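*Asks:* Below is one structure. I have some questions about it.
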Amino acid sequence: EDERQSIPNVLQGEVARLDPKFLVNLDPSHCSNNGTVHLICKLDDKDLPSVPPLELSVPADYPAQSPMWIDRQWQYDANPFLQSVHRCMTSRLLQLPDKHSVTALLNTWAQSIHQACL
Amino acid sequence: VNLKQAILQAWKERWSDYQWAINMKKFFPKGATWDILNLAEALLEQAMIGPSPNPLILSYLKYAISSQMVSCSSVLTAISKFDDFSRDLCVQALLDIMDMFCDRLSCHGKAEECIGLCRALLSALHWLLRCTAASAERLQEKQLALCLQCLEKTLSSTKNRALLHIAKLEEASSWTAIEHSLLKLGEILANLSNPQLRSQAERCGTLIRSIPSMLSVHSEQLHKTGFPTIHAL
Amino acid sequence: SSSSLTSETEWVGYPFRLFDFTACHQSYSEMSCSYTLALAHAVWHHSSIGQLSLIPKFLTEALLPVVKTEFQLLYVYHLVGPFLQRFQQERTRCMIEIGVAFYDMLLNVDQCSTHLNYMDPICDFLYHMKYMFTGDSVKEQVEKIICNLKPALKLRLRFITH
């Protein structure tokens with residue numbers, strides 16, 4: 001009795017609940033078992049699109065959250081509007097007490113992206 | 001063709017530059033087929049801009065291509081035969097906005113289309129050398145140095161090297177033409193009008209003429225040590 | 001020590017593999033300088049009672065206008081170094097001499113020298129020379145002598161001067 005063919009199914013059961021407007025894919029293989037998560041997501045919906053987040057969480061023990069923002073250095077400072085989006089997302093994440101793997105991070109990211117339009 | 005009228009309306013009714021993509025995806029299934037992408041947007045807007053950069057539109061194109069396709073942009077800016085136009089103004093903003101491609105990255109195609117991206121950069125290189133023709137003003141230049149410096153910005157190693165190598169393995173006619181164009185461009189820029197002129201340009205010329213020769217040229221030297229292998233053999 | 005050994009000695013310039021002894025384990029790898037260093041180390045270890053006592057002044061008398069290249073410096077290091085603890089045991093009062101002697105050599109290998117390929121070996125060699133044997137003893141004498149070094153040597157020994 002073993003899965004032996006996928007990641008920890010905890011994050012599977014979590015991501016199965018999220019809205020269909022979030023499209024998660026598979027990045028280069030660096031989050032197979034221990035890290036277990038490469039949250040490469042697209043907000044394919046009626047709202048305006050943006051840069052896919054990284055959001056690399058930790059083992060299912062969750063002594064951490066997802067947001068890591070590696071590819072952000074050039075993805076955010078180039079566009080002023082996207083820079084404001086990043087500022088809003090950071091201010092929201094800092095105000096999130098112990099955010100969680102997929103639900104909290106993606107929800108905060110989407111709400112900041114579609115609130116900071118102005 | 002209705003996309004053209006939609007963009008013309010978005011200009012007639014100027015937008016918040018973030019609802020831009022909202023209204024754009026509103027007129028299409030937004031995922032069914034993107035073979036009708038911006039491959040006509042920038043060309044149309046700038047050719048009708050003529051002797052003007054047409055502001056408030058390129059910003060929307062940038063906020064789109066922040067997360068959009070890149071092969072089409074490259075093949076357009078390569079096929080944009082601005083040499084006959086040569087307004088020396090539109091190409092300025094064009095290079096200014098295209099520098100981001102070499103700045104951040106040349107994204108993936110997720111399929112064999114990525115290999116086609118190589119082709120694009122190939123033509124881009126050719127198209128880049130076309131700005132050397134713009135160096136033939138002889139008003140006594142101003143934008144030639146800019147085009148050469150952004151060209152150099154494009155030639156950051158370990159990024160385009162293998163891409164242009166695969167491009168050369170695609171066909172040899174285009175690469176031989178690129179070599180002849182580099183020869184002509186060096187012969188033209190031999191008249192060093194400035195200190196950095198014909199110096200960094202020569203560096204880029206040497207780079208592009210040396211890269212397709214070998215990408216793994218191990219220059220390990222002065223590595224003298226115990227060499228008994230051939231001895232014992 | 002100055003047979004040709006100045007600029008275009010030969011492609012033999014690789015110092016470590018050949019200048020140190022035991023390299024002539026084969027019938028090859030047998031250079032004259034190697035056997036000379038071996039005879040040296042022999043007479044140095046055997047006569048480490050009173051014959052070595054005249055050695056510091058010797059280096060200050062004759063070894064000054066002969067050091068031109070850097071492998072000459074590595075050679076004279078091979079000659080002097082491994083027997084300094086013998087002085088440290090009883091003849092401490094000349095260690096500083098040896099020290100500044102080496103430091104003087106630096107000056108030479110700073111003047112008639114374009115580039116230094118294996119300089120960091122000499123840097124850390126002198127580093128442990130200072131910290132393991134002399135310590136904060138010869139600071140004042142070396143302060144006025146290391147100020148003439150090359151930028152790389154300064155960047156290496158800015159803690160030695162401290």
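By order of appearance in the structure tokens: chains A, B, ..., then residues from 1 within every chain, and ligands from 1 in the order shown.
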Range 119-125 of chain C: which residues within 8 Å, counting only C-alpha atoms, same-chain residues fewer than 4 positions away excluded, as a list in words?
*Replies:*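 Counting only C-alpha atoms, the residues come to residues 74, 129, 153, 156 and 157 of chain C.
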*Asks:* How close does each residue of chain B get to chain A, giving the shortest atom pair and distance in Å to one decimal for every residue with an atom at most 6 Å away, counting only C-alpha atoms, sorted by chain and residue number, as JSON lines?
*Replies:*
{"residue": "B:21", "atom": "CA", "partner": "A:48", "partner_atom": "CA", "distance": 5.5}
{"residue": "B:22", "atom": "CA", "partner": "A:48", "partner_atom": "CA", "distance": 5.1}
{"residue": "B:67", "atom": "CA", "partner": "A:51", "partner_atom": "CA", "distance": 5.5}
*Asks:* Could the residues of chain B that have an atom at most 12 Å from chain C be listed as a tab-separated table, each with its closest atom pair and the distance in Å to one decimal, counting only C-alpha atoms and ordered by chain and ascending residue number?
*Replies:*
residue	atom	partner	partner_atom	distance
B:222	CA	C:14	CA	8.8
B:223	CA	C:14	CA	9.5
B:224	CA	C:14	CA	6.9
B:225	CA	C:17	CA	6.8
B:226	CA	C:17	CA	7.5
B:227	CA	C:17	CA	10.8
B:228	CA	C:26	CA	11.2
B:231	CA	C:28	CA	11.1
*Asks:* Which residues are close to residue 60 in chain B, i.e. within 10 Å by only C-alpha atoms, leaving aside same-chain residues fewer than 5 positions away? Reply as a list in words.
*Replies:*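 Listed by chain and then number, they are residues 15, 16, 17, 18, 19, 20, 21, 55, 65 and 66 of chain B.
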*Asks:* Go ahead and write the residues just picked, N, CA, C and O atoms, as a PDB file, in the first residue's frame.
*Replies:*
ATOM      1  N   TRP B  15      -8.054  53.774 -22.081  1.00  0.00           N
ATOM      2  CA  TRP B  15      -8.326  52.848 -20.997  1.00  0.00           C
ATOM      3  C   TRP B  15      -7.371  53.073 -19.834  1.00  0.00           C
ATOM      4  O   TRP B  15      -6.371  53.788 -19.935  1.00  0.00           O
ATOM      5  N   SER B  16      -7.703  52.430 -18.719  1.00  0.00           N
ATOM      6  CA  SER B  16      -6.925  52.475 -17.490  1.00  0.00           C
ATOM      7  C   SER B  16      -5.639  51.667 -17.570  1.00  0.00           C
ATOM      8  O   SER B  16      -4.941  51.545 -16.557  1.00  0.00           O
ATOM      9  N   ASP B  17      -5.344  51.082 -18.733  1.00  0.00           N
ATOM     10  CA  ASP B  17      -4.107  50.355 -18.998  1.00  0.00           C
ATOM     11  C   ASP B  17      -4.055  49.054 -18.198  1.00  0.00           C
ATOM     12  O   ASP B  17      -3.139  48.248 -18.380  1.00  0.00           O
ATOM     13  N   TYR B  18      -5.032  48.827 -17.324  1.00  0.00           N
ATOM     14  CA  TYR B  18      -5.196  47.521 -16.703  1.00  0.00           C
ATOM     15  C   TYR B  18      -6.491  46.835 -17.099  1.00  0.00           C
ATOM     16  O   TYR B  18      -6.512  45.608 -17.211  1.00  0.00           O
ATOM     17  N   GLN B  19      -7.565  47.591 -17.329  1.00  0.00           N
ATOM     18  CA  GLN B  19      -8.740  47.029 -17.981  1.00  0.00           C
ATOM     19  C   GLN B  19      -8.492  46.755 -19.455  1.00  0.00           C
ATOM     20  O   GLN B  19      -9.375  46.206 -20.124  1.00  0.00           O
ATOM     21  N   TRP B  20      -7.323  47.145 -19.968  1.00  0.00           N
ATOM     22  CA  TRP B  20      -6.966  46.865 -21.353  1.00  0.00           C
ATOM     23  C   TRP B  20      -7.112  45.385 -21.665  1.00  0.00           C
ATOM     24  O   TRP B  20      -7.845  44.995 -22.580  1.00  0.00           O
ATOM     25  N   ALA B  21      -6.405  44.545 -20.911  1.00  0.00           N
ATOM     26  CA  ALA B  21      -6.467  43.112 -21.155  1.00  0.00           C
ATOM     27  C   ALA B  21      -7.855  42.558 -20.877  1.00  0.00           C
ATOM     28  O   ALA B  21      -8.272  41.592 -21.522  1.00  0.00           O
ATOM     29  N   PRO B  55       2.302  57.490 -28.174  1.00  0.00           N
ATOM     30  CA  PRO B  55       2.348  57.094 -26.764  1.00  0.00           C
ATOM     31  C   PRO B  55       1.006  56.557 -26.295  1.00  0.00           C
ATOM     32  O   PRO B  55       0.017  56.523 -27.030  1.00  0.00           O
ATOM     33  N   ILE B  65       2.677  42.041 -22.634  1.00  0.00           N
ATOM     34  CA  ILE B  65       3.782  41.107 -22.824  1.00  0.00           C
ATOM     35  C   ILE B  65       4.552  40.829 -21.546  1.00  0.00           C
ATOM     36  O   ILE B  65       5.469  40.002 -21.560  1.00  0.00           O
ATOM     37  N   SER B  66       4.223  41.514 -20.449  1.00  0.00           N
ATOM     38  CA  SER B  66       4.718  41.080 -19.148  1.00  0.00           C
ATOM     39  C   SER B  66       4.366  39.619 -18.903  1.00  0.00           C
ATOM     40  O   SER B  66       5.182  38.852 -18.381  1.00  0.00           O
TER      41      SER B  66
END
*Asks:* For residue 40 in chain B, list every protein, DNA or RNA residue within 12 Å, evaluated using only C-alpha atoms, and leave out those in the same chain fewer than 2 positions away; present the list as a ChimeraX atom specification.
*Replies:* /B:1-5,7,35-38,42-47,61,72-73,75-77,79-80
*Asks:* Which polymer residues have any atom within 12 Å of an atom of residue 116 in chain C, counting only C-alpha atoms, with same-chain residues fewer than 4 positions away left out, as an mmCIF file with C-alpha atoms, in the first residue's frame?
*Replies:*
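Done, and the output landed in out39.cif:
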data_model
loop_
_atom_site.group_PDB
_atom_site.id
_atom_site.type_symbol
_atom_site.label_atom_id
_atom_site.label_comp_id
_atom_site.auth_asym_id
_atom_site.auth_seq_id
_atom_site.Cartn_x
_atom_site.Cartn_y
_atom_site.Cartn_z
ATOM 1 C CA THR C 69 62.498 36.111 -10.386
ATOM 2 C CA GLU C 70 59.796 34.494 -8.259
ATOM 3 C CA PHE C 71 60.871 30.865 -8.500
ATOM 4 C CA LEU C 73 62.122 33.223 -4.153
ATOM 5 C CA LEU C 106 59.512 40.709 -1.520
ATOM 6 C CA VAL C 109 60.186 40.423 -6.486
ATOM 7 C CA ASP C 110 58.101 43.590 -6.485
ATOM 8 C CA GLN C 111 60.463 45.721 -8.580
ATOM 9 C CA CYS C 112 61.645 43.486 -11.444
ATOM 10 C CA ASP C 120 49.219 33.437 -2.808
ATOM 11 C CA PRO C 121 51.433 30.496 -1.740
ATOM 12 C CA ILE C 122 54.020 33.054 -0.610
ATOM 13 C CA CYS C 123 51.258 35.121 0.996
ATOM 14 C CA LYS C 150 52.021 45.471 -4.985
ATOM 15 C CA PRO C 151 48.245 46.027 -4.750
ATOM 16 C CA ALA C 152 47.601 42.277 -4.672
ATOM 17 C CA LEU C 153 50.100 41.810 -1.842
#
*Asks:* Report as a ChimeraX atom specification: the residues of range 50-202 of chain B with a DSSP assignment of helix (DSSP H, G or I), based on the backbone of this structure.
*Replies:* /B:58-65,71-79,90-103,113-134,143-154,161-170,173-189,200-202
*Asks:* What does the structure give for the distance between CA of residue 137 in chain C and CA of residue 78 in chain C, in Å to one decimal?
*Replies:*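 For CA of residue 137 in chain C relative to CA of residue 78 in chain C, the distance reads 23.6 Å.
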*Asks:* Report, in Å with one decimal, the straight-line distance from CA of residue 20 in chain A to CA of residue 34 in chain B.
*Replies:*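 Pair CA of residue 20 in chain A / CA of residue 34 in chain B returns 21.0 Å.
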*Asks:* Enumerate as a PDB file with N, CA and C atoms, in the first residue's frame all residues of range 8-112 of chain A assigned to strand (DSSP E) by DSSP on the backbone, naming them with the chain letters and numbers the document uses.
*Replies:*
ATOM      1  N   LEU A  23      -5.144  28.086 -12.301  1.00  0.00           N
ATOM      2  CA  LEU A  23      -4.600  27.012 -13.130  1.00  0.00           C
ATOM      3  C   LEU A  23      -3.165  26.752 -12.694  1.00  0.00           C
ATOM      4  N   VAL A  24      -2.941  25.640 -12.000  1.00  0.00           N
ATOM      5  CA  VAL A  24      -1.626  25.301 -11.465  1.00  0.00           C
ATOM      6  C   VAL A  24      -0.959  24.290 -12.385  1.00  0.00           C
ATOM      7  N   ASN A  25       0.344  24.453 -12.590  1.00  0.00           N
ATOM      8  CA  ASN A  25       1.120  23.622 -13.501  1.00  0.00           C
ATOM      9  C   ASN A  25       2.335  23.048 -12.769  1.00  0.00           C
ATOM     10  N   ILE A  40       3.128  27.123  -9.520  1.00  0.00           N
ATOM     11  CA  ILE A  40       3.175  27.905 -10.749  1.00  0.00           C
ATOM     12  C   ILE A  40       1.745  28.032 -11.251  1.00  0.00           C
ATOM     13  N   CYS A  41       1.104  29.152 -10.932  1.00  0.00           N
ATOM     14  CA  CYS A  41      -0.320  29.327 -11.165  1.00  0.00           C
ATOM     15  C   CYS A  41      -0.576  30.473 -12.134  1.00  0.00           C
ATOM     16  N   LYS A  42      -1.677  30.342 -12.865  1.00  0.00           N
ATOM     17  CA  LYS A  42      -2.168  31.366 -13.774  1.00  0.00           C
ATOM     18  C   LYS A  42      -3.591  31.710 -13.368  1.00  0.00           C
TER      19      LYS A  42
END
*Asks:* Could you check the closest approach to residue 79 in chain C for each of C:33, C:138, C:96, C:24 and tell me which residue wins, using only C-alpha atoms?
*Replies:*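 Closest residue, counting only C-alpha atoms: C:33.
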*Asks:* Can you tell me which residues surround residue 53 in chain B at a distance of at most 10 Å, considering only C-alpha atoms, apart from same-chain residues fewer than 5 positions away, and format the answer as a ChimeraX atom specification?
*Replies:* /B:45-48,58,89-94
*Asks:* Write out as a list in words the residues lying within 10 Å of residue 135 in chain B, counting only C-alpha atoms and excluding same-chain residues fewer than 4 positions away.
*Replies:* residues 130, 131, 141, 142, 143, 144, 145, 147, 148, 185, 188 and 189 of chain B
*Asks:* Which one of B:229, B:132, B:160, B:181 sits closest to residue 211 in chain B if you count only C-alpha atoms?
*Replies:*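 Looking only at the distances to residue 211 in chain B, the closest residue turns out to be B:160.
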*Asks:* Can you tell me how far CA of residue 91 in chain A sits from CA of residue 38 in chain A, in Å to one decimal?
*Replies:*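 Going from CA of residue 91 in chain A over to CA of residue 38 in chain A covers 22.6 Å.
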